[PDB]
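Colleague:
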RNA sequence: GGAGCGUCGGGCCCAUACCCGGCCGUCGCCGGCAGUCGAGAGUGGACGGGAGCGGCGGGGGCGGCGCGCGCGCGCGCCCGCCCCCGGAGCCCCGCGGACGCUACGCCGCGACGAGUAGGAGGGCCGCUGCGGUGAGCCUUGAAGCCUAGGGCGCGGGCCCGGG
RNA sequence: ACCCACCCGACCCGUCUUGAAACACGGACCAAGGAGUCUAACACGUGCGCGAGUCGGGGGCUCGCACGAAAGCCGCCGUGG
RNA sequence: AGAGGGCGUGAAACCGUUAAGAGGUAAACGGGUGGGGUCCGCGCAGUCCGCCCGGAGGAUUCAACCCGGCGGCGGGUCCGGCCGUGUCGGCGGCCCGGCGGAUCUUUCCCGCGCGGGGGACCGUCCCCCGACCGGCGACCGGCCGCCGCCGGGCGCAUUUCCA
Ligand SMILES: [Mg+2]
Ligand SMILES: [Mg+2]
Ligand SMILES: [Mg+2]
Ligand SMILES: [Mg+2]
Ligand SMILES: [Mg+2]
Ligand SMILES: [Mg+2]
Ligand SMILES: [Mg+2]
Ligand SMILES: [Mg+2]
Ligand SMILES: [Mg+2]
Ligand SMILES: [Mg+2]
Ligand SMILES: [Mg+2]
Ligand SMILES: [Mg+2]
Ligand SMILES: [Mg+2]
Ligand SMILES: [Mg+2]
Ligand SMILES: [Mg+2]
Ligand SMILES: [Mg+2]
Ligand SMILES: [Mg+2]
Ligand SMILES: [Mg+2]
Ligand SMILES: [Mg+2]
Ligand SMILES: [Mg+2]
Ligand SMILES: [Mg+2]
Ligand SMILES: [Mg+2]
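Here it is in structure tokens:
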């Protein structure tokens, strides 16, 4: 008899993508290979991200991709995003970029290409740079989802600012006993 | 591609046959009857297939062109080899090795031809061997 | 797809995943939102702060269309018009400034979030913010009230 | 009984509602019937607009 | 002089008797078919000394010889002639079973074809 | 192209074979030295006492540096403070053992697990027999048997420890690099004590097997190793 | 003259505990393999001038960074070569690559494996009906039924023989 | 795998229970039947499509529906959510 | 009629008999052997096959080679032409290229400041040839090399078959 807890012996990370789609799965076959045979950890990070959920690979807006490449020095590079590239209607002038993405929305595609931008697929990125050399690996804001505003220290727990799940906002949906001082108390 | 359409097909094709813990595949120009990527007639730009001759004597090799698949009518190109066993193999060998065509296959293609030339063994001889038929 | 659901995997086991000390009885709490004050209170006042109690003024024959006032931010004002108004402008050389009827596009108020590009406008709208006005003037434009 | 976070929600299934469920298996059959009846009315008002007035 | 398989190793089995179901002996209503007991007290399900055994993955077969018939082959249930020609390139490792439902005319047609290709049949001398 | 490369590859081949020879010779001389070192250590303890004894004097030799610690009772119903220390000595299973350098900290940790272990001061031979018969590396967290020095070197060679012999000298003299050589060794899975024990549950002093038995840990080692 | 009681020896007895080995599963390994040299790896390769038995004349270190299977060499004859795998013949081969590669595949190393309530995963486990699909099976005998017949699977179960 | 013998092991299941072989209940035997369903609402997770949008209803245009009460299309494509 | 008028199939409980075996600790069960039965596989030697080789017998036409024909592959000279990506030149399709636009013009036209259609303009989609480059599985034609098949040649130290 041995004393170990077998409690957290199984690591819960993903191995493959849970999706069954065939084009992504080909990318996975390609980046598994590169991951293992190259020294590049870029390939490993990319590989890891191909297995993740929709939630877990959030969309990267065009404006966010602009400003991250506006940063000093990462000039004449390629931005990479395992998610999708979306438009920003609240940005106007779009520099000529180099981009990798699993998806780019039709607007975002036009705007970039009109600028003299190049768009790449991930099979194309590999041939272009199999060890991820000269890349900017970005990500969309993970904690964008409105979901997260309900997460945390519960509402009605002093110093929480945590959206309650409520049928409809309005004068008479919550905001009585436990928010006003006038009505019982407040947190 | 080859790989893309293998993704579509791997588990669903009419030619496949699971059952009894094995799997197999019945698509034509698959030597080794495997549901493999390697050994699949329909998928690959260049294909080998070693069937027996309809005569009952000999073997047919079945190359695929590259010229134009899209046009299956014209795509495969058959060729009977009805020669002295040892020769038959060598002709297949050269077809495969010295044309640099499907080099991966080739030894499987030889064994198939070999087994086919075994088939055309003698049925009567086998019957004699199994039963002694002596003194009732 | 019953095939996939959990009761298929519970077949054979006695309690059906509801335990055997305590069981699956009918309504052990009370039905629904029963006990909001008594005996379910803690859940109510740690996930629904402010359920209980009145507040504010009644309003008898509310009709929502009276208070209709959809807003738009400067952020994306140029979105209302075709790019070639914003292009034939930063060009032209008359110092023209194209009109943007915001009420046509379905927004009544113009509030002031965001940077407006240095490029004159005439914004026609039912209502404006203070800041939205200011930003518009700073671009070298003119806010315009409409009924 | 409520369990840790969720909309304290009021469904309106306390009356005998299953006595008054109204299915829509008609609707295709309906949609046709209107459409026939429509084409008939056109044909009756011969060169007059199908529209109406 | 029957068809020898390619490799005829020693199959070695961990357990030979069927695991039978608790109290299948006592009652005609209970069938031998294994069932794990889920009873709160249960001699068997709590592994007492002297009781009927519970199947585990412990008893598992060695992967080399799992599904290996005594003869050395694995079955493959052939259904008609066309279905045989699969085994052509195995024959030394898989044999052909013919199905129960196949007719005594075309049972014959299969058997002689398998005899050309040297695929061993596991129920040939039968229908007649 | 061809004959130039071939000779370059043959040259490479040779330069390896030379180096292999060299490192082998180092190993051989390192042992020979350690043979002389242990000899010198043994005699020069006797030397001392005889010289005290010549005078009306005493030679109190050094208190021991290093001790082997065998877990001699099982893994049921064991107090949480004990249990923690037992898994700070890596003594998880029953009849696992470890070398342990002694000091005020370490000794007291053994004091808190006394009726759970048998321990004491191992011989030279004990350190050899344990290392050669049951010497297993921790090599990418896989218990792997020390079949060659290529294993020891690969892991401990950044300390000057390049062979089984070096390892034995680091363990036995409790060198600078003891912590790292001792942790490299996977804890010693020894069999049951042949000829049995005296009594599991009681201390050595009082007839049983537990606790410090100092010299006599070596007898126990032989009947278990 | 213990087969009693107190003190102590040797010796022997056996648990699912410990050790070694087999086999099954699970976990872990930034695990390996989409076809390459390489085992404390501590380089490889142009290419130009100047030359050659020269070399890089550094620690009782006991040694790792440098040395004795060649660097230049045997052949063509001091000068030239030091050549190409469609052929070096291979323990490594960078020219092309499994018997192997259903990449949801295949392979290797370690570790571990009680379980109610409860949870999750996988079931080429099982039932009935639908779209597809098996140039499936079936009066030369389907379903069901029965079987001291033959087997497979850890098991749910399954397949064959005879009736 | 059928029967028999012998050595060792071995109390009857289900269940509520801190505790069941119990002098605790249910159970003579066999067959068939027999219990976590569906709708609605919410939340989180996951898969797919599109993405500052998205959406399909409801309605309409295309057929006697064999398959269709499907399928397709709509400045209704967005009244509206 | 092993379908006989409540009759297709005809399970289990339960009963009758026939056969076999057992029998003082209720039976039944798990593990482990033994004995007997039932069938099943044999063998009237199972010495099991397959390569290659050496010898010994017997028998057909070759292979190796050229020659003629067919088909296939691969290649570069991209040689010649079709083919299409990125770029530049034609402002050439632009009216013989259409849609879209809150871009413009009511110098226009038609219908009643508005609707429809022109006409500018911008965005997008197509012709002409030249140049550079990815020369891309997107194809043809010749030439080359290699492979395979058929038929010609080769009659036997060969190449087959068989024992
Ligand atoms: Mg556990
Ligand atoms: Mg539950
Ligand atoms: Mg219950
Ligand atoms: Mg409860
Ligand atoms: Mg109307
Ligand atoms: Mg209990
Ligand atoms: Mg205890
Ligand atoms: Mg105690
Ligand atoms: Mg377990
Ligand atoms: Mg349970
Ligand atoms: Mg109770
Ligand atoms: Mg009680
Ligand atoms: Mg009980
Ligand atoms: Mg009692
Ligand atoms: Mg009761
Ligand atoms: Mg009763
Ligand atoms: Mg039932
Ligand atoms: Mg969701
Ligand atoms: Mg009848
Ligand atoms: Mg009847
Ligand atoms: Mg009937
Ligand atoms: Mg009798």
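Residue numbers (the authors' numbering), protein chains in the order written: chain Q, 2 to 188; chain r, 2 to 137; chain a, 2 to 148; chain L, 2 to 54; chain e, 2 to 129; chain F, 26 to 250.
We put the beta carbon where it would ideally sit given N, CA and C, even for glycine.
#1: What is the DSSP secondary structure of residue 121(F), reduced to helix, strand or coil?
#2: If you run the structure through DSSP and keep just helix, strand and coil, what is residue 228(F)?
#3: Buried or exposed, going by whether 16 or more other CB atoms sit within 10 Å of the CB of residue 37(Q)?
#4: Under 8 Å from any heavy atom of ligand 6, does the C-beta of residue 240(F) make it?
#5: For residue 65(r), does the count of other Cβ atoms within 10 angstroms reach 16, so buried, or fall short, so exposed?
#6: Which residues, in order along the segment 37-68 of chain a, keep a beta-carbon less than 7 Å from a beta-carbon of chain Q?
#7: List the residues that DSSP assigns as beta-bridge partners of residue 169(F).
#8: Taking the alpha helix (DSSP H) that residue 64(r) falls in, what are its first and last residues?
#9: Alpha carbon to alpha carbon, what distance is there between residue 105(r) and residue 31(F)?
#10: The beta strand (DSSP E) with residue 73(a) in it runs from where to where?
#11: Just to confirm before moving on: does the CB-CB distance between residue 79(a) and residue 43(a) stay below 9 Å?
#12: Tell me whether residue 68(e) counts as near ligand 10, meaning its Cβ is closer than 8 Å to at least one heavy atom of that ligand.
#13: Looking only at its chain, what residues have a beta carbon closer than 8 Å to the beta carbon of residue 131(a), apart from the 5 residues adjacent to it on each side?
#14: Rounded to whole angstroms, what is the Cα-Cα separation between residue 93(Q) and residue 84(a)?
#15: Note down, in chain order, every chain a residue with its Cβ under 9 Å from the Cβ of residue 48(L).
#16: Is residue 42(e) near ligand 6, with its Cβ less than 8 Å from a heavy atom?
#17: Please name the residues in the segment 23-46 of chain e whose beta-carbon is closer than 9 Å to at least one beta-carbon of chain a, in chain order.
#18: Counting only runs that start and end within the segment 86-118 of chain a, where is the alpha helix (DSSP H) found for 4 or more residues in a row?
#19: Give a yes or no on whether the C-beta atoms belonging to residue 237(F) and residue 151(F) are separated by under 9 Å.
#20: Would you call the CB atoms of residue 100(F) and residue 185(Q) closer than 9 Å?
#21: Please name the residues in the segment 62-76 of chain e whose beta-carbon is closer than 8 Å to at least one beta-carbon of chain r, in chain order.
#22: Put residue 187(F) into one of helix, strand or coil per three-state DSSP.
#23: Go through its chain and collect everything with a Cβ distance to residue 264(F)'s Cβ below 8 Å, but skip five positions before and after it.
#24: Does the distance from the CB of residue 54(r) to the CB of residue 63(r) come in under 9 Å?
#25: Would you call the segment 152-170 of chain Q and the segment 107-118 of chain Q in contact, with 3 or more CB pairs under 8 Å?
#26: Would the segment 219-239 of chain F and the segment 156-173 of chain F be scored as touching if the rule is three or more Cβ pairs under 8 Å?
#27: In the DSSP assignment, what residue or residues form a beta bridge with residue 237(F)?
#28: Looking at residue 14(a) and residue 39(e), is the spacing between their C-beta atoms short of 9 Å?
#29: Given 8 Å as the limit, is there contact between the segment 103-122 of chain e and the segment 44-63 of chain F, that is, 3 or more CB pairs closer than that?
#30: Nearest by alpha-carbon distance to residue 154(F): which of 26(F), 245(F), 90(F) and 166(F) is it?
#31: Let me check you understand the geometry: is the CB of residue 131(Q) closer than 8 Å to at least one non-hydrogen atom of ligand 4?
#32: Under 8 Å Cβ-Cβ, which residues of chain Q neighbour residue 108(F)?
#33: So that I know if they touch, is there some Cβ in chain r lying closer than 9 Å to that of residue 127(e)?
#34: As a quick exercise: from 20(Q), 86(Q), 45(Q) and 10(Q), pick the residue whose alpha carbon is nearest that of residue 140(Q).
#35: If I follow the unbroken alpha helix (DSSP H) through residue 178(F), where does it start and stop?
#36: Restricting to Cα atoms, I'd like to know which of 166(Q), 66(Q), 117(Q) and 91(Q) is closest to residue 102(Q).
Modeller: For this structure:
#1: Of the three classes helix, strand and coil, the one that applies to residue 121(F) here is strand, per DSSP.
#2: Residue 228(F): strand per DSSP, three-state reduction.
#3: Here residue 37(Q) is exposed. Its C-beta has fewer than 16 other C-beta atoms within 10 Å.
#4: Residue 240(F) Cβ: outside cutoff for every heavy atom of ligand 6.
#5: So residue 65(r) ends up on the buried side.
#6: Hits within the stretch, in order: 46, 47, 48, 49, 50, 51, 52, 53, 54, 55, 56 and 57.
#7: Its beta-bridge partners are 162(F).
#8: Residue 64(r) -> not in any alpha helix (DSSP H); beta strand (DSSP E) instead, spanning 60-65.
#9: The C-alpha of residue 31(F) lies about 29 Å from the C-alpha of residue 105(r).
#10: If you look at residue 73(a), you'll find it in the beta strand (DSSP E) that goes 72-74.
#11: In this structure, residue 79(a) keeps its C-beta atom at 9 Å or more from the C-beta atom of residue 43(a).
#12: No, the Cβ of residue 68(e) stays beyond 8 Å of every heavy atom of ligand 10.
#13: Excluding positions up to five away in sequence, the list reads 113.
#14: The alpha-carbon of residue 93(Q) is positioned some 10 Å away from that of residue 84(a).
#15: Chain a residues near residue 48(L): none, gap ~39 Å exceeds 9 Å.
#16: Because some heavy atom of ligand 6 lies under 8 Å away, the Cβ of residue 42(e) counts as near it: yes.
#17: If you check each beta-carbon in the segment 23-46 of chain e against every beta-carbon of chain a, the ones closer than 9 Å belong to 36, 37, 39, 40 and 41.
#18: Within the segment 86-118 of chain a, the runs of alpha helix (DSSP H) at least 4 residues long that lie entirely inside it are, in chain order, 103-106.
#19: No, the pair does not count as a contact, with Cβ atoms beyond the cut-off.
#20: Cβ atoms of residue 100(F) and residue 185(Q): not closer than 9 Å.
#21: If the cut-off is 8 Å between Cβ atoms, the segment 62-76 of chain e has 68, 75 and 76 near chain r.
#22: Note: residue 187(F) maps to coil in three-state DSSP.
#23: Nothing can be reported for residue 264(F), as the shown portion of chain F is limited to 26 through 250.
#24: Cβ atoms of residue 54(r) and residue 63(r): not closer than 9 Å.
#25: Cβ pair count under 8 Å is below three, so no.
#26: Too few Cβ pairs lie closer than 8 Å, so no.
#27: Looking at the DSSP assignment, residue 237(F) forms a beta bridge with 144(F).
#28: Yes, the pair counts as a contact, with Cβ atoms nearer than the cut-off.
#29: Output reads no: the segment 44-63 of chain F does not touch the segment 103-122 of chain e.
#30: The option with the nearest alpha carbon to residue 154(F) is 245(F).
#31: Result no, Cβ not under 8 Å from ligand 4.
#32: The answer, in chain order, is 4.
#33: No, no contact with chain r.
#34: Distances from the CA of residue 140(Q) to each of 20(Q), 86(Q), 45(Q) and 10(Q) were compared; the closest alpha carbon is that of 86(Q).
#35: It spans 174-181 - the alpha helix (DSSP H) in which residue 178(F) sits, taken as one unbroken run.
#36: Considering only alpha carbons, the answer is 66(Q).
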